[PDB]
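> Before I ask anything, let me first share the structure, which is written out below as structure tokens.
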Amino acid sequence: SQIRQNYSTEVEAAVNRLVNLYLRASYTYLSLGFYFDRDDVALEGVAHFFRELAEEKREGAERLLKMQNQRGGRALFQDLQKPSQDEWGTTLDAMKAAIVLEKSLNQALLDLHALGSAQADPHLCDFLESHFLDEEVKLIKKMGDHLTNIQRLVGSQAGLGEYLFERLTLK
Amino acid sequence: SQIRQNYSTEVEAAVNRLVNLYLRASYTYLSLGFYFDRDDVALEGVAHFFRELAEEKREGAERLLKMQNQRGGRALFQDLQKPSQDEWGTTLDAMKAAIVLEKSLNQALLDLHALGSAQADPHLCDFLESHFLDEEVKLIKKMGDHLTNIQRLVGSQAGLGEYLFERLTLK
Amino acid sequence: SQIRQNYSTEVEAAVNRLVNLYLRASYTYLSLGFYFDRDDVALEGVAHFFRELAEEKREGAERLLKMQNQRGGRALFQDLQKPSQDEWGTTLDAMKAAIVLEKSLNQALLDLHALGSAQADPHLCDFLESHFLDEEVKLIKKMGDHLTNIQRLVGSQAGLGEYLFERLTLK
Amino acid sequence: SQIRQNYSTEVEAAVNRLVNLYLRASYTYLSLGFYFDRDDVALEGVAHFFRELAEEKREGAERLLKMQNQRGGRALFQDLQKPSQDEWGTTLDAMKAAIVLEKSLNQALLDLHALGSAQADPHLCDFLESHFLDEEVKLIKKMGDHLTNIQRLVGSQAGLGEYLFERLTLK
Amino acid sequence: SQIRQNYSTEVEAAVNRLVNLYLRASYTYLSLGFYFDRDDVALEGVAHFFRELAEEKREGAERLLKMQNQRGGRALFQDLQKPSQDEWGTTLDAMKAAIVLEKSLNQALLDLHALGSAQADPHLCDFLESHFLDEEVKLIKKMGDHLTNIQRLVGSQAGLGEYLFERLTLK
Ligand SMILES: [Pd+2]
Ligand SMILES: [Pd+2]
Ligand SMILES: [Pd+2]
Ligand SMILES: [Pd+2]
Ligand SMILES: [Pd+2]
């Protein structure tokens, strides 16, 4: 590289790790998306919600990789761990798992921003805010809103509430 | 016929039987369709679902008959057995009966494809795949999805669940 | 599942393995795509070629997963092995690696088709032909065409030939 | 025939021979066209050039046959000799072979025109000029132009020159 | 000024210096742009590339001056040093000089951002990121990409490579 400037080896490594985290998250959402498409689950709005998230996280990884090259860093890929579950339970179980996942990505972004601040790397810190940190806050708020509505619908008839949420809130 | 080539008498007979099965299935769906239009049943989305299926199965029979003539075989019609029930119970009962019916048609198609493979009749085997086997897989998946949603809606208030499914999923 | 019919456990497992192979191939093409975007490589047409392939292979995996659910099988994900190289050499080296990769996917599809034929599963065999086997033949022919043109351009001035191929054949 | 007038048996026979020559030329160009589409040759602009010529020569034969009937002569077909080569070498080799072929067709047209002049058959002589002799002069000039550019591109790097000609002059 | 708030004399002075650096860079690119328009150089795509950069850097200076006034600081102009060379050598020489120039501007922006961070001036730091630091990263990546392609084209025939790069990559 003849372009690298103010781009630390620590940040370069952390960016590669964040790419792996984003790709893992995409893979997790892919699994969630197909689980809700199972004939014995059959909640299309829920499937669509997670399938859209799979694509968003893949896009996030690609944006990070583009930035790595723009800065003169070098992409290094690692194995992608399979998702933590094969079956994801109820919509409530899935939304809880999704919020946990998003909080972990958000924390990884915050950790990287902190490293950028420590390294005096303003291009990095601003890139993370613009493309990632703002989107995370919005997504987490939406999931929290969803969790609240799912929870209020459990009542004594969980099946009815699960159907209604998918029909009236999602897709 | 001056056109028949590679078209066995076994396949010709099996095609005629499949026509009868398709016409029977259309007749069954016609009965289902009008049952759900009864003033004391009154589930329009369910009626429409079965009425559409009646037309699809009739169309399938006509396609088989066209193919029979294209191959130089001769259509032979048999009596059409009246449907197995006069009254079809709940939406759940009806969807269960519809899945059973579709699985029987699918098995008849698979049996015919096997005969085509045994007879080295690739035009037949491909015709069945293109117009029938793919459609069956899609339809059966949709019915399974429907059954799952119907089942989750039973709860303690079957009437409420039946109304909601018709209103929010169907027609 | 209340829909599964004529869908063997052997095929279901093989479909899950093929999904992993497609996702691995997508990951490989993602790496190839970003390698050619490096400031010290800088062959945009080559990067774009591999980035498009990454998306095609991801789409292929998603189609396989949709089919798995349509048949009543259950998606099971495994770890995704990181790509075989971190740096991909010349356009020629990369195109050779891509052809090798495509031949491996093609062989996996052929192996699965053979299993489908052995299991008398015509829906599976036709699905593979329509969405995968035809596309593979076309893609492999295109890569072979590319390899030939790359090879004729090496001459005594490899740099010149590499630039011209990217400029005049690709993107 | 109740229409034949001023149309000699010599011309009628020569027209049938010219049809055979045109059909042979079409067959030759068909072979050339597919040779350049081989994955180990892969020069699309060259393939397209010869494929277009195959269609032009076929069209020429059909025009001659229409004229034969317009004059009250009778089409008589002979075997079509397979093309002189199975593999056509370089673009230069192929263009040289194509010019040789065109000169032979041009000479056959000139020989027929001479026969028409000898037989005082002005409809024939004008038909040949309008549909064939003018087109031949234009095509031969274009091939000569191509040969010159191909030849100047050989240099010390034949592969580079062959690629550039296909990319920058053809299709 | 009745508007100045949180705007240090150190930042105000540094902004004036950055204006001078931007105007100097514009002047350098103006010289580069006209050099490549010389009849004995005659590389229009290269001239256009540098002429566009001259305008971009002038625009950058004007944006800085507008910001200085928005904050209540006072523009102070200094002499503009003539560019470091009268003749710029090859496209490769020029692109190397341009990357050096951009890295110096980028470092000046980073130094100013650091001063803004030290002075707790978030309006300044964000202004620099938005209008300057992001653009610099993109421009430097593009120049690095260009340098790589120029370098691969040198081979044994520098003239040929220089012509091809101007024709096929630039303007
Ligand atoms: Pd920061
Ligand atoms: Pd078959
Ligand atoms: Pd098959
Ligand atoms: Pd004449
Ligand atoms: Pd700041």
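Within each chain, counting starts at residue 1; across the structure tokens, chains are named A, B, ... in the order shown, with ligands numbered 1 upward in that order.
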Check which residues fall inside 7 Å of ligand 4 when counting only C-alpha atoms and all ligand atoms, and print them as a VMD selection string.

chain D and resid 116 to 117 121 to 122 125 to 126

> Could you save those same residues with C-alpha atoms as an mmCIF file, in the first residue's frame?


```
data_model
loop_
_atom_site.group_PDB
_atom_site.id
_atom_site.type_symbol
_atom_site.label_atom_id
_atom_site.label_comp_id
_atom_site.auth_asym_id
_atom_site.auth_seq_id
_atom_site.Cartn_x
_atom_site.Cartn_y
_atom_site.Cartn_z
ATOM 1 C CA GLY D 116 -25.383 -14.823 -69.399
ATOM 2 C CA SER D 117 -23.701 -12.330 -71.713
ATOM 3 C CA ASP D 121 -29.710 -13.185 -70.909
ATOM 4 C CA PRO D 122 -29.880 -9.634 -69.470
ATOM 5 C CA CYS D 125 -26.703 -10.742 -65.722
ATOM 6 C CA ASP D 126 -28.388 -7.849 -63.908
#
```

> Pull the helix (DSSP H, G or I) assignments for range 81-113 of chain C out of DSSP run on the backbone, and list those residues as a list in words.

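Helix (DSSP H, G or I) assignments inside range 81-113 of chain C correspond to residues 91, 92, 93, 94, 95, 96, 97, 98, 99, 100, 101, 102, 103, 104, 105, 106, 107, 108, 109, 110, 111, 112 and 113 of chain C.
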
> With N, CA, C and O atoms retained, write the just-selected residues as a tab-separated table (two decimals), in the first residue's frame.


```tsv
chain	number	residue	atom	x	y	z
C	91	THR	N	-4.67	-12.03	-12.02
C	91	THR	CA	-6.01	-12.33	-12.56
C	91	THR	C	-6.03	-13.77	-13.05
C	91	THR	O	-7.03	-14.49	-12.88
C	92	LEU	N	-4.94	-14.20	-13.69
C	92	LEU	CA	-4.86	-15.58	-14.18
C	92	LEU	C	-4.97	-16.57	-13.02
C	92	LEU	O	-5.74	-17.55	-13.10
C	93	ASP	N	-4.21	-16.33	-11.95
C	93	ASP	CA	-4.25	-17.21	-10.77
C	93	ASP	C	-5.68	-17.29	-10.22
C	93	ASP	O	-6.18	-18.37	-9.85
C	94	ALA	N	-6.32	-16.13	-10.14
C	94	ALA	CA	-7.67	-16.03	-9.58
C	94	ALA	C	-8.69	-16.76	-10.45
C	94	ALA	O	-9.55	-17.46	-9.93
C	95	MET	N	-8.62	-16.56	-11.76
C	95	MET	CA	-9.56	-17.22	-12.68
C	95	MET	C	-9.37	-18.74	-12.65
C	95	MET	O	-10.36	-19.48	-12.72
C	96	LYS	N	-8.12	-19.20	-12.56
C	96	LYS	CA	-7.85	-20.65	-12.39
C	96	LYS	C	-8.50	-21.20	-11.11
C	96	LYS	O	-9.14	-22.25	-11.12
C	97	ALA	N	-8.32	-20.47	-10.00
C	97	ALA	CA	-8.94	-20.85	-8.72
C	97	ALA	C	-10.48	-20.84	-8.81
C	97	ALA	O	-11.15	-21.71	-8.22
C	98	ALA	N	-11.03	-19.88	-9.55
C	98	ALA	CA	-12.48	-19.78	-9.70
C	98	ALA	C	-13.03	-20.96	-10.51
C	98	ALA	O	-14.08	-21.51	-10.17
C	99	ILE	N	-12.32	-21.37	-11.56
C	99	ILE	CA	-12.76	-22.52	-12.36
C	99	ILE	C	-12.73	-23.80	-11.53
C	99	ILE	O	-13.62	-24.65	-11.63
C	100	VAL	N	-11.68	-23.93	-10.73
C	100	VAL	CA	-11.54	-25.10	-9.85
C	100	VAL	C	-12.74	-25.15	-8.89
C	100	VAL	O	-13.36	-26.21	-8.68
C	101	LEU	N	-13.06	-23.99	-8.32
C	101	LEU	CA	-14.18	-23.86	-7.38
C	101	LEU	C	-15.50	-24.22	-8.06
C	101	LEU	O	-16.31	-25.00	-7.51
C	102	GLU	N	-15.72	-23.70	-9.26
C	102	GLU	CA	-16.97	-23.98	-9.97
C	102	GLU	C	-17.10	-25.46	-10.34
C	102	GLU	O	-18.18	-26.02	-10.24
C	103	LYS	N	-15.99	-26.07	-10.75
C	103	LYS	CA	-16.02	-27.50	-11.06
C	103	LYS	C	-16.39	-28.32	-9.82
C	103	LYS	O	-17.10	-29.33	-9.92
C	104	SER	N	-15.91	-27.89	-8.65
C	104	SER	CA	-16.25	-28.61	-7.41
C	104	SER	C	-17.74	-28.48	-7.06
C	104	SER	O	-18.38	-29.47	-6.62
C	105	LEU	N	-18.31	-27.29	-7.29
C	105	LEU	CA	-19.74	-27.08	-7.06
C	105	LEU	C	-20.55	-27.89	-8.06
C	105	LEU	O	-21.53	-28.54	-7.70
C	106	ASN	N	-20.13	-27.85	-9.32
C	106	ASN	CA	-20.79	-28.62	-10.38
C	106	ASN	C	-20.78	-30.10	-10.03
C	106	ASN	O	-21.80	-30.77	-10.18
C	107	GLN	N	-19.65	-30.62	-9.55
C	107	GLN	CA	-19.57	-32.04	-9.19
C	107	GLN	C	-20.49	-32.37	-8.02
C	107	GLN	O	-21.14	-33.42	-8.00
C	108	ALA	N	-20.56	-31.46	-7.05
C	108	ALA	CA	-21.47	-31.64	-5.92
C	108	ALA	C	-22.93	-31.67	-6.39
C	108	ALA	O	-23.72	-32.49	-5.92
C	109	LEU	N	-23.29	-30.78	-7.32
C	109	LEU	CA	-24.64	-30.81	-7.92
C	109	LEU	C	-24.91	-32.13	-8.65
C	109	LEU	O	-26.00	-32.71	-8.53
C	110	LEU	N	-23.94	-32.58	-9.44
C	110	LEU	CA	-24.09	-33.85	-10.17
C	110	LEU	C	-24.24	-35.03	-9.19
C	110	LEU	O	-25.08	-35.93	-9.41
C	111	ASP	N	-23.44	-35.02	-8.12
C	111	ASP	CA	-23.54	-36.07	-7.11
C	111	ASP	C	-24.94	-36.08	-6.49
C	111	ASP	O	-25.54	-37.16	-6.29
C	112	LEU	N	-25.46	-34.88	-6.18
C	112	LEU	CA	-26.80	-34.78	-5.61
C	112	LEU	C	-27.88	-35.22	-6.60
C	112	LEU	O	-28.85	-35.88	-6.22
C	113	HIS	N	-27.72	-34.85	-7.88
C	113	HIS	CA	-28.68	-35.27	-8.90
C	113	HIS	C	-28.72	-36.80	-8.98
C	113	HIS	O	-29.80	-37.42	-9.10
```

> Any idea what's packed within 12 Å of residue 40 in chain D, counting only C-alpha atoms, ignoring anything in its chain fewer than 3 positions away? Could you give it as a list in words?

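In the requested format, the answer is residues 141, 142, 143, 144, 145, 146, 147, 148, 149, 150, 151 and 152 of chain C; 34, 35, 36, 37, 43, 44, 87, 89 and 90 of chain D.
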
> Could you jot down the CA of residue 80 in chain B to CA of residue 48 in chain B separation for me, Å, one decimal place?

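A separation of 22.8 Å between them.
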
> Using only C-alpha atoms and a cut-off of 7 Å, which residues of chain A sit close to chain B? Please list them as a list in words.

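Result: residues 39, 40, 41, 42, 157, 159, 160 and 167 of chain A.
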
> Could those selected residues go to a file with C-alpha atoms, as a PDB file, in the first residue's frame?


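Just written: out.pdb:
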```pdb
ATOM      1  CA  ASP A  39     -44.094 -25.332   7.403  1.00  0.00           C
ATOM      2  CA  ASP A  40     -44.473 -26.116  11.121  1.00  0.00           C
ATOM      3  CA  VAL A  41     -43.648 -22.535  12.128  1.00  0.00           C
ATOM      4  CA  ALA A  42     -45.070 -20.548   9.191  1.00  0.00           C
ATOM      5  CA  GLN A 157     -53.431 -17.392  24.415  1.00  0.00           C
ATOM      6  CA  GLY A 159     -50.774 -18.774  19.729  1.00  0.00           C
ATOM      7  CA  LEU A 160     -53.379 -16.098  19.066  1.00  0.00           C
ATOM      8  CA  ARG A 167     -50.225 -10.303  10.832  1.00  0.00           C
TER       9      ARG A 167
END
```

> Could you check which of A:76, A:54, A:23, A:120 is closest to ligand 1, using only C-alpha atoms and all ligand atoms?

A:120

> Have a look at CA of residue 166 in chain B and CA of residue 45 in chain B and let me know their distance in Å, one decimal.

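Distance between the two atoms: 5.3 Å.
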
> Hey, can you check how far CA of residue 11 in chain C sits from CA of residue 137 in chain B?

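We find that CA of residue 11 in chain C and CA of residue 137 in chain B lie 15.8 Å from each other.
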
> Using only C-alpha atoms, which residues sit within 12 Å of residue 8 in chain E once same-chain residues fewer than 3 positions away are excluded, as a VMD selection string?

chain E and resid 4 to 5 11 to 15 68 71 to 74 112 115 to 121 124

> If you keep N, CA and C atoms, can you produce a file of those selected residues as a PDB file, in the first residue's frame?


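Full text of part19.pdb as output:
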```
ATOM      1  N   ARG E   4     -18.730  35.208  17.647  1.00  0.00           N
ATOM      2  CA  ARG E   4     -17.702  34.220  17.952  1.00  0.00           C
ATOM      3  C   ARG E   4     -17.950  33.532  19.283  1.00  0.00           C
ATOM      4  N   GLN E   5     -17.869  32.208  19.275  1.00  0.00           N
ATOM      5  CA  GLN E   5     -18.140  31.414  20.473  1.00  0.00           C
ATOM      6  C   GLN E   5     -17.415  30.099  20.360  1.00  0.00           C
ATOM      7  N   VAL E  11      -7.095  27.874  16.426  1.00  0.00           N
ATOM      8  CA  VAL E  11      -7.869  27.300  15.328  1.00  0.00           C
ATOM      9  C   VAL E  11      -8.033  28.297  14.197  1.00  0.00           C
ATOM     10  N   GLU E  12      -8.355  29.542  14.531  1.00  0.00           N
ATOM     11  CA  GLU E  12      -8.542  30.593  13.521  1.00  0.00           C
ATOM     12  C   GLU E  12      -7.279  30.724  12.671  1.00  0.00           C
ATOM     13  N   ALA E  13      -6.121  30.777  13.330  1.00  0.00           N
ATOM     14  CA  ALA E  13      -4.843  30.862  12.605  1.00  0.00           C
ATOM     15  C   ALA E  13      -4.592  29.612  11.743  1.00  0.00           C
ATOM     16  N   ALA E  14      -4.863  28.437  12.309  1.00  0.00           N
ATOM     17  CA  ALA E  14      -4.645  27.169  11.593  1.00  0.00           C
ATOM     18  C   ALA E  14      -5.554  27.057  10.379  1.00  0.00           C
ATOM     19  N   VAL E  15      -6.780  27.576  10.501  1.00  0.00           N
ATOM     20  CA  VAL E  15      -7.723  27.580   9.365  1.00  0.00           C
ATOM     21  C   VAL E  15      -7.162  28.466   8.247  1.00  0.00           C
ATOM     22  N   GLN E  68     -14.756  30.056   8.232  1.00  0.00           N
ATOM     23  CA  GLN E  68     -14.048  31.040   9.057  1.00  0.00           C
ATOM     24  C   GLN E  68     -14.998  32.210   9.410  1.00  0.00           C
ATOM     25  N   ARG E  71     -17.889  31.297  11.797  1.00  0.00           N
ATOM     26  CA  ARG E  71     -17.442  31.221  13.191  1.00  0.00           C
ATOM     27  C   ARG E  71     -17.010  32.558  13.782  1.00  0.00           C
ATOM     28  N   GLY E  72     -16.910  33.592  12.952  1.00  0.00           N
ATOM     29  CA  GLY E  72     -16.513  34.906  13.458  1.00  0.00           C
ATOM     30  C   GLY E  72     -15.016  35.120  13.435  1.00  0.00           C
ATOM     31  N   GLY E  73     -14.298  34.208  12.790  1.00  0.00           N
ATOM     32  CA  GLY E  73     -12.848  34.366  12.604  1.00  0.00           C
ATOM     33  C   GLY E  73     -12.603  35.310  11.424  1.00  0.00           C
ATOM     34  N   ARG E  74     -11.347  35.688  11.209  1.00  0.00           N
ATOM     35  CA  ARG E  74     -11.048  36.641  10.152  1.00  0.00           C
ATOM     36  C   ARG E  74     -10.034  36.062   9.194  1.00  0.00           C
ATOM     37  N   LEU E 112      -5.168  19.749  12.282  1.00  0.00           N
ATOM     38  CA  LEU E 112      -6.216  20.702  12.673  1.00  0.00           C
ATOM     39  C   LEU E 112      -7.330  20.024  13.474  1.00  0.00           C
ATOM     40  N   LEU E 115      -6.127  19.614  16.964  1.00  0.00           N
ATOM     41  CA  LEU E 115      -6.213  20.909  17.637  1.00  0.00           C
ATOM     42  C   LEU E 115      -7.658  21.199  18.064  1.00  0.00           C
ATOM     43  N   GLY E 116      -8.608  20.922  17.173  1.00  0.00           N
ATOM     44  CA  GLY E 116     -10.028  21.063  17.504  1.00  0.00           C
ATOM     45  C   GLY E 116     -10.441  20.178  18.665  1.00  0.00           C
ATOM     46  N   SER E 117      -9.933  18.949  18.686  1.00  0.00           N
ATOM     47  CA  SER E 117     -10.222  18.032  19.777  1.00  0.00           C
ATOM     48  C   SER E 117      -9.623  18.568  21.083  1.00  0.00           C
ATOM     49  N   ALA E 118      -8.363  19.009  21.028  1.00  0.00           N
ATOM     50  CA  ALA E 118      -7.676  19.624  22.166  1.00  0.00           C
ATOM     51  C   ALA E 118      -8.402  20.868  22.697  1.00  0.00           C
ATOM     52  N   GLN E 119      -8.971  21.654  21.786  1.00  0.00           N
ATOM     53  CA  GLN E 119      -9.665  22.896  22.142  1.00  0.00           C
ATOM     54  C   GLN E 119     -11.157  22.669  22.453  1.00  0.00           C
ATOM     55  N   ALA E 120     -11.613  21.416  22.404  1.00  0.00           N
ATOM     56  CA  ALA E 120     -13.038  21.066  22.547  1.00  0.00           C
ATOM     57  C   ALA E 120     -13.933  21.879  21.588  1.00  0.00           C
ATOM     58  N   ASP E 121     -13.589  21.824  20.301  1.00  0.00           N
ATOM     59  CA  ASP E 121     -14.323  22.548  19.248  1.00  0.00           C
ATOM     60  C   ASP E 121     -15.004  21.534  18.324  1.00  0.00           C
ATOM     61  N   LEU E 124     -15.876  22.534  14.549  1.00  0.00           N
ATOM     62  CA  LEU E 124     -14.709  22.512  13.666  1.00  0.00           C
ATOM     63  C   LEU E 124     -14.358  21.085  13.261  1.00  0.00           C
TER      64      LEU E 124
END
```

> Using only C-alpha atoms, which of the listed residues (B:31, B:84, B:2, B:130) sits closest to residue 60 in chain B?

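Looking at the shortest contact to residue 60 in chain B, the residue is B:130.
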